[PDB]
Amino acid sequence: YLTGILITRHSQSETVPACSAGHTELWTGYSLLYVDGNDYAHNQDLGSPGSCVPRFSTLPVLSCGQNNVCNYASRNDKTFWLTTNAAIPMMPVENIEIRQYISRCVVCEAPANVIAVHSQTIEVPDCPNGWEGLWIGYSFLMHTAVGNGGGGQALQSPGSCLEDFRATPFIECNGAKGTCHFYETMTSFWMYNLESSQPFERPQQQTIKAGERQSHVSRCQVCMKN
């Protein structure tokens, strides 16, 4: 009765994550957010195995065009990768220095289907009746970067639920130059905590700082059916 479900988990750290109990490990790699080719942002869902690429590069793609010509690292494209918990540098990191800033991931095989549930409150949402829990975290929706840079996660996908909450969860890698850095044009979007409001109330402007941010972020849980 095994159907062949594949799950993707991101450690958000320098260490490679491990598969859940009785899960067959398929491959490991690096967490890819999206590729900005020809000023168009194409994302890979963090809950899909496509977001876990085993071999890293600041430019893992090449472009082909008219007259049967293909080009690798011949223009001004960039790539975006999920970051770790390393300290944010003051200047773009170079070549091997990037390894401590790129998140690790793992793709495994699961027997039953896997979804993600969000509470939109400070409380952790419960899995549906009959479903077991895998891990918990914070509801991660969409993101925006430089230029047309952007993308988002499907709310039912495990990519919509990251373990750690990070104000700076991704990094921009200059493709042809091979350097990565964080920029102020980066913005992360999380589902909001709506416990102190009514479903049809007008939102009140609030500037949340330091430690108080974790209390305003929606919680989530990644579940599988038993």
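Residue numbers run from 1 along the displayed sequence.
- Comparing 70 to 78 with 134 to 142, the stretch with the higher mean C-alpha B-factor in the PDB entry is 134 to 142.
- Comparing 144 to 152 with 91 to 99, the stretch with the higher mean C-alpha B-factor in the PDB entry is 91 to 99.
- Sorting the modelled residues of the chain by their CA temperature factor places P199 in the highest third.
- When the CA B factors of the chain's modelled residues are split into thirds, the value for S157 lands in the middle one.
- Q44: CA B factor in the lowest third of modelled residues in this chain (values from the PDB entry).
- Per the deposited record, the Cα B-factor of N193 falls in the highest third when ranked against the other modelled residues of its chain.
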